[PDB]
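Enquirer:
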Amino acid sequence: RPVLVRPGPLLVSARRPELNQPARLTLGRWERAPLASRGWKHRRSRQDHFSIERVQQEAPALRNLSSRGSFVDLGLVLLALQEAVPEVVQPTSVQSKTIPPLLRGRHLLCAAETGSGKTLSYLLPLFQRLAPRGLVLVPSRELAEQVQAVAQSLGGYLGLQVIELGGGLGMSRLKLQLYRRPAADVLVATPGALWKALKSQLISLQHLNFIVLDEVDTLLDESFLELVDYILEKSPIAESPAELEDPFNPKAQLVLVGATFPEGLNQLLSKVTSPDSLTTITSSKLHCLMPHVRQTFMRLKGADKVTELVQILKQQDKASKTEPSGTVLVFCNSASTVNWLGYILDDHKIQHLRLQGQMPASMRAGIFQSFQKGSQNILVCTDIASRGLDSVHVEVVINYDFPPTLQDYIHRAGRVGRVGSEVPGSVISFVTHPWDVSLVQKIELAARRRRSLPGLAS
Amino acid sequence: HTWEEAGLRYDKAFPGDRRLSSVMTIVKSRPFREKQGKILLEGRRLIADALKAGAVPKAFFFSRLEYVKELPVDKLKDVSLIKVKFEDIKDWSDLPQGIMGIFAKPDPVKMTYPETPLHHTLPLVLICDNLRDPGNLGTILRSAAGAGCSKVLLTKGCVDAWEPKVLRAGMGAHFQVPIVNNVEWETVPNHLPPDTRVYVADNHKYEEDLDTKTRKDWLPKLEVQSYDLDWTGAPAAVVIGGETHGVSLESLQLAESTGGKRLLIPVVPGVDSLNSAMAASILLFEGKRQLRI
Amino acid sequence: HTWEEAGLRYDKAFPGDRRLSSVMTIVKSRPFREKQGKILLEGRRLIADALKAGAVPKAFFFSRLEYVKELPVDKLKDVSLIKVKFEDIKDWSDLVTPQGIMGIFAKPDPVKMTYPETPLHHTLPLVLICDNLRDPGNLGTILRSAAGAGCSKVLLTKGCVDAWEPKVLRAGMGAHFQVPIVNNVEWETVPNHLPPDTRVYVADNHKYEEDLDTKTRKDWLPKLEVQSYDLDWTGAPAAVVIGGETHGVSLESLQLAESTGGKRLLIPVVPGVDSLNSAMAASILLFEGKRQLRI
RNA sequence: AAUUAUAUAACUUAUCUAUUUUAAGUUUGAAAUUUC
RNA sequence: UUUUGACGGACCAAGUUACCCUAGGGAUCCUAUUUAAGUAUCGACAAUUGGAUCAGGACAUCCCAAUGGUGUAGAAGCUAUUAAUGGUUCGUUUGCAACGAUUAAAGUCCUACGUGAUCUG
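Residue numbers (the entry's author numbering), protein chains in the order written: chain z, 58 to 133, 137 to 190, 203 to 530; chain y, 85 to 179, 182 to 289, 317 to 406; chain x, 85 to 289, 317 to 406.
1. Please determine, among 285(z), 473(z) and 335(z), the residue with the shortest C-alpha to C-alpha distance to residue 529(z).
2. Taking just the CA atoms, how far does residue 253(x) sit from residue 231(x)?
3. Below 8 Å between beta carbons: does that hold for residue 474(z) and residue 503(z)?
4. Can you name the residues that DSSP bridges to residue 237(y)?
5. Report all residues from its chain with a CB closer than 7 Å to the CB of residue 315(z); omit the five preceding and five following residues, and keep chain order.
6. Grab the span of the alpha helix (DSSP H) containing residue 250(y) for me, first residue to last.
7. Identify, in the order they occur along the chain, each residue of the same chain with its Cβ nearer than 7 Å to the Cβ of residue 531(z), setting aside the five sequence neighbours on each side.
8. Does the Cβ of residue 237(y) have 16 or more other Cβ atoms within 10 Å, making it buried, or fewer, making it exposed?
9. Please confirm whether residue 421(z) has its beta-carbon closer than 8 Å to some beta-carbon of chain y.
10. With a threshold of 8 Å between beta carbons, is residue 120(x) in contact with chain y?
11. Where does residue 449(z) land, buried or exposed, given buried means 16+ other C-beta within 10 angstroms?
12. Taking the CB atoms as reference points, tell me whether residue 425(z) and residue 439(z) lie closer together than 8 Å.
13. Run through DSSP, which three-state label would residue 338(x) get?
14. Give the single residue among 86(y), 128(y) and 389(y) whose Cα lies nearest to the Cα of residue 227(y).
15. I'd like to know whether the C-beta of residue 258(y) is nearer than 8 Å to at least one C-beta of chain x.
16. Kindly identify the DSSP beta-bridge partner or partners of residue 366(z).
17. Which full runs of the alpha helix (DSSP H) of 4+ residues lie inside the segment 160–230 of chain x, going along the chain?
18. If we count the other Cβ atoms within 10 Å of its Cβ and call it buried at 16 or more, is residue 204(x) buried or exposed?
19. Counting only beta-carbon separations shorter than 8 Å, does residue 216(x) have a partner in chain y?
20. Is residue 364(z) near the ligand PLP - that is, is its Cβ less than 7 Å away from at least one heavy atom of it?
21. Does the count of Cβ pairs from the segment 512–528 of chain z and the segment 339–356 of chain z closer than 8 Å reach three?
22. Rounded C-beta distance between residue 217(y) and residue 245(y)? I'm assuming under 8 Å.
23. Closer than 9 Å by beta-carbon distance: list the chain y residues that pair up with residue 184(x), in chain order.
24. Closer than 9 Å, Cβ to Cβ, to anything on chain y: give me those residues from the segment 333–344 of chain x, in chain order.
25. Which chain z residues are close to residue 175(y), counting only those with a beta carbon under 8 Å from its beta carbon?
26. Taking residue 77(z) as part of the beta strand (DSSP E), name the residues at either end of that continuous run.
27. Unbroken beta strand (DSSP E) runs of length 3 or more, entirely within the segment 312–356 of chain z: which are they?
28. Taking residue 361(x) as the reference, give the member of 121(x), 154(x) and 287(x) with the closest Cα.
29. Below 7 Å CB to CB, which residues in the same chain sit around residue 148(x) once its five sequence neighbours on both sides are set aside?
30. Starting from the Cα of residue 282(z), find the closest Cα among 380(z), 225(z) and 166(z) and give me that residue.
31. Going by C-alpha distance, which of 192(y), 207(y), 169(y) and 118(y) is nearest residue 99(y)?
32. Cβ of residue 378(x) less than 8 Å from any chain y Cβ?
33. Which residues bound the alpha helix (DSSP H) around residue 187(z)?
34. Going by DSSP, which residues form a beta bridge with residue 265(x)?
35. Can you grab the Cα-Cα spacing for the pair residue 179(y) / residue 112(y), in whole Å?
36. By DSSP, does residue 281(z) sit in helix, in strand, or in coil?
What follows is the structure in structure tokens.
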């Protein structure tokens, strides 16, 4: 191929160079893209791989901050925010749109990607606006610890008490934890734990003034759908912002935060409030591909996945041997593979952690804290760790087992490129055999078209 | 640089060689290693030891060609001799003086043990009970190797004898005594030679293998014999208390059924159960004396 | 600053103190240990075995106060107790993660050492001589082997492992303090260290014997008859000489046995392996005498 | 290659023959199925 | 198929083809930007197999060096501050460890194996 004076950085780089896309080419809906995954059928061609390179070294979230209004324009506390969270110098796009309406008492629905500032989007108006005064519902216990820890840090600056309630915990133990802690202004609880307390009448939501739901799509899972309904009947909800500001008839302000929303959520919201009274805000990057994050795709058989994983681990070891490198996150679909793979890692004399949903709750909590403490730089975890896991220092996210759905990948994808990330994140996914090639085809096709992935509608 | 000389071929490590990648799966994964029936050897001397013993080798990786010439190349017919980076060998091994050797997983029943101990070989079987220490297992095999035991038995839960570290602890002792691994307790009676009496040196963790309802009535009242008395009048089997488990329940029960006793070694406190290498050593050696006399 | 809790006094150390720097070099660098003649002991109950057995304490550093309760509180009264950060301890030991506690010791004097009576119940009229021992686990295993066997007394010749080297002691895990050991025994004084004319048996089948043809082994040095290890050799007070790890017995040892009327003891090994691990080389011969002497 | 492999062939037992006190197993494979 | 008993999950198995078939692709220390100390012509710093030879740097101070205190009379020591100043050997290693022999001391590490530029096809 002739050497053009100005080549184009590879948008898609594959082991076979003939199909690489260097320059400005967009194919569109009608054109069938010649993807590297187009014909990834006959496993005889070992070691085929393609990687999406990082396009930006500067954080896109920090980019365009000058085009977004200041916190004062949002109605905002700043001195406490500067002391508590100096890192957020300027508001993000989601924060700028979401904060002003919340301070006015308007019910808000926020659809944005992980790490877009959704947590701070409601917390800032929540603090200014403020028998607990605020309730936080979180589906996974892992998220509860982070939310409680994050909320406690903010509370410590403001002298507020925050406690955590993890679902699946025994009724006697749950009561024991409640009695051993002082009264908390804001409570973070999971549907399983919160439902148990409500059934035993350990808490009342009639005096609740604010309810927070994190990961609404996950909270709407059938595992917690019934529990949420039981919570709703005990919770009076404000109908208009005027009632929220009415001292004679105070009611609870509802705020919804999630990355995706199942169809029919409007009907659930309609029976609690008028559809026109719900403020829906969508992030510009919601369901959009991340250019600054490297995504690696490699053809490996189940036998070769262990082979490449050792090679990848050795590559990371070599990188650490030359310059400091970030932690590596390994995602597996099943605990059995984690245990089966974990024994192989133990045979390699490699320090690593094993995390899966069926492990003891007490055991899981300690391991999660240990990883945050930096006890071990290698963590093997299941989808339970794809939600509510801190990955600010994670350099490589390894999906040993291919994620079943795009939504799960997004939660795994959100782990990299977070605010304050010390290292540039990377994503690695493995495909065993012709089981699944459409999912890779869809992801590759979207990148060439620079379009949102199919099926991500919230 | 790949060279062929006098029909002897040794290669040089290639960039991205999938041979090295496949080896890594085989080496550390014993189930895969058993699936491929291979073992890994460390050191020229220990490497040459297997060649002398007639074990079938698989592949050799070495930093210097001198090691191949230093080793007997005549026995290197079945090995692809590869010149590799010195840093790679230490990366491949979890411990390598410039060379590492892959060998076929030997079957000790099929292994050739020449005359010198066979003249001193006894109808004596050594049994390791829940021996979970890789160092002791290899360190143990010296005693079995030097003693001349007809066979060595390792109960289920014991360390893999063919693990390369156990070879380092024994420094080739696996090529000097038959070793049986992952023996089921129900099949242990079949593993004993005819008329063999099973003797258990007793030092307890083995009491945890007892049903709680039947825990207290299930203890065998098996006779205690001083280890200094004659016990080798007929073929005998020796049991070694594990470091973590000690002497197990089934060993005590089997000894009573086999007509044996407790060839009891008074265990000096400070070592709750005599070190399995120490416990193994004493039982074998004077058995040679007892039958020799 | 000393903190008092449940009758236990411990100082809070600060990183970078000159005391911390000295320990790091001693443990990590063996030559510094020889230059300074200092040793390291790890483990709360391992320290307890050392102090109860007469070990000379210098200072004890622990990450958590719980170790002090398990420490030999009787022997801590005059020893500096300082609670130190675990990171400081990690920088010191050859092991990244010690047992939460480590102690500084000077070279213990065997005369003042107190060994438990438990070996004595099984102790034999058998003395052990170590020749050019080079491995720490073997020495610790040898003393742990002796702590399991019951050797009456041990003689260490010149060139052997420093018995008090930190990794040597860890393998012993308290066995160093359970059996008598004599260090820096001169080869000329070895027969005097044993009862005069004590039959000395040399373990011979070695690494030097691998390089040297078997035939050329009796020309200039005294000729020792090769005997089977199982043949009764403890009819008289017996002494056993064991070669160093992967090196073998020295020339002086072979001279010793003939002068005392001893002979070579043969360990029949399967052809295809020239020798085996040295640690149990003592054990195999040590127990052989044990039953023979008991009978 | 993996997985089976009552084509056959062998042995064991029947079988069929002698005396006299092909089928069922297993093994090879004519092959079959799937992947490479 | 409803009931009675003391949180997170829907599939496994190699080659080879020149006997082939189809689809095609070829041939038939720089370099490119950006910056500009010193923009005719240029242009630092930057930004986009074992070995041998020679080391540079970090301080988390081993030796050397400067000091306080002392259960320091002096001198030695012990404890404590300050300091990277230059040094910090040669080998064996039955391969993760350790030993030998020396040294004022043979600190702990980093520096694409820290660092070598045949000849041919």
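A virtual CB, placed ideally from N, CA and C, is assigned to each residue, including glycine.
Expert: Let me spell this out:
1. Position 457 of the first sequence, counted from the first residue, corresponds to residue 529(z). Comparing Cα-Cα distances from residue 529(z) to each of 285(z), 473(z) and 335(z), the minimum goes to 335(z).
2. Looking up residue 231(x) in the third sequence gives position 147. Looking up residue 253(x) in the third sequence gives position 169. Roughly 13 Å separates the two Cα atoms.
3. On the first sequence, position 402 is the one that residue 474(z) refers to. On the first sequence, position 431 is the one that residue 503(z) refers to. Yes.
4. Against the second sequence, residue 237(y) aligns to sequence position 151. Residue 237(y) pairs with 211(y).
5. Here residue 315(z) corresponds to residue number 243 of the first sequence, with the count starting at 1. Excluding residues within five positions, the ones whose Cβ falls inside 7 Å are 321 and 323.
6. One-based indexing of the second sequence puts residue 250(y) at position 164. Unbroken alpha helix (DSSP H) run through residue 250(y): 250–256.
7. It is not possible to answer for residue 531(z), since the shown part of chain z is limited to 58 through 530.
8. The residue labelled residue 237(y) in the question sits at position 151 within the second sequence. Per the 10 Å Cβ criterion, buried.
9. Translated into positions along the first sequence, residue 421(z) becomes position 349. So yes, residue 421(z) belongs to the interface.
10. Position 36 of the third sequence, counted from the first residue, corresponds to residue 120(x). Taking Cβ atoms only, chain y never reaches closer than 8 Å to residue 120(x), which makes this a no.
11. The sequence position of residue 449(z) within the first sequence is 377, counting from 1. Buried.
12. For the purposes of this step, residue 425(z) is taken as the residue at position 353 of the first sequence. For the purposes of this step, residue 439(z) is taken as the residue at position 367 of the first sequence. Their beta carbons are under 8 Å apart, which means residue 425(z) touches residue 439(z) by this criterion.
13. The residue given as residue 338(x) occupies position 227 in the third sequence. Strand, per DSSP.
14. Counted from its first residue, the second sequence places residue 227(y) at position 141. Here the closest residue by C-alpha is 389(y).
15. Taking the second sequence and counting its residues from 1, one reaches residue 258(y) at position 172. Yes, its Cβ sits closer than 8 Å to a Cβ of chain x.
16. Taking the first residue of the first sequence as 1, we reach residue 366(z) at position 294. BP columns for residue 366(z) point to 498(z).
17. 170–176 and 202–206
18. Locating residue 204(x) in the third sequence gives position 120, where the first residue counts as 1. Its Cβ having fewer than 16 others within 10 Å, residue 204(x) is exposed.
19. In the third sequence, residue 216(x) corresponds to position 132, counting from 1. No, because no Cβ of chain y sits closer than 8 Å to the Cβ of residue 216(x).
20. You won't find the ligand PLP in this model; it holds no ligand whatsoever.
21. no
22. Here residue 217(y) is taken as the residue at index 131 of the second sequence, counted from 1. Here residue 245(y) is taken as the residue at index 159 of the second sequence, counted from 1. Their Cβ separation, rounded to whole angstroms, is 6 Å, which keeps residue 217(y) and residue 245(y) in contact under 8 Å.
23. The residue labelled residue 184(x) in the question sits at position 100 within the third sequence. Simply none; closest approach about 22 Å.
24. 339, 340, 341, 342 and 343
25. As a working mapping, residue 175(y) is identified with position 91 in the second sequence. Ordered by position in chain z, the residues that pass the 8 Å Cβ test against residue 175(y) are 386.
26. Working through the first sequence from its first residue, we reach residue 77(z) at position 20. It is not in any beta strand (DSSP E) - residue 77(z) carries neither H nor E in the DSSP assignment.
27. 325–330 and 350–354
28. Taking the third sequence and counting its residues from 1, one reaches residue 361(x) at position 250. Minimum Cα distance to residue 361(x) is reached at 287(x).
29. Here residue 148(x) is taken as the residue at index 64 of the third sequence, counted from 1. So the qualifying residues of the chain are 184.
30. Position 210 of the first sequence, counted from the first residue, corresponds to residue 282(z). Of the candidates 380(z), 225(z) and 166(z), the one whose C-alpha sits nearest the C-alpha of residue 282(z) is 166(z).
31. Locating residue 99(y) in the second sequence gives position 15, counting from the first residue. Residue 99(y) has its Cα closest to that of 169(y), out of 192(y), 207(y), 169(y) and 118(y).
32. Taking the third sequence and counting its residues from 1, the one referred to as residue 378(x) is at position 267. Closer than 8 Å: yes.
33. The residue labelled residue 187(z) in the question sits at position 127 within the first sequence. Start and end: 178–189.
34. For the purposes of this step, residue 265(x) is identified with residue 181 of the third sequence, where counting begins at 1. Residue 265(x) is bridged to 238(x).
35. Looking up residue 179(y) in the second sequence gives position 95. Looking up residue 112(y) in the second sequence gives position 28. Roughly 12 Å separates the two Cα atoms.
36. Within the first sequence, the letter at position 209 stands for residue 281(z). Residue state, collapsed to three classes: coil.
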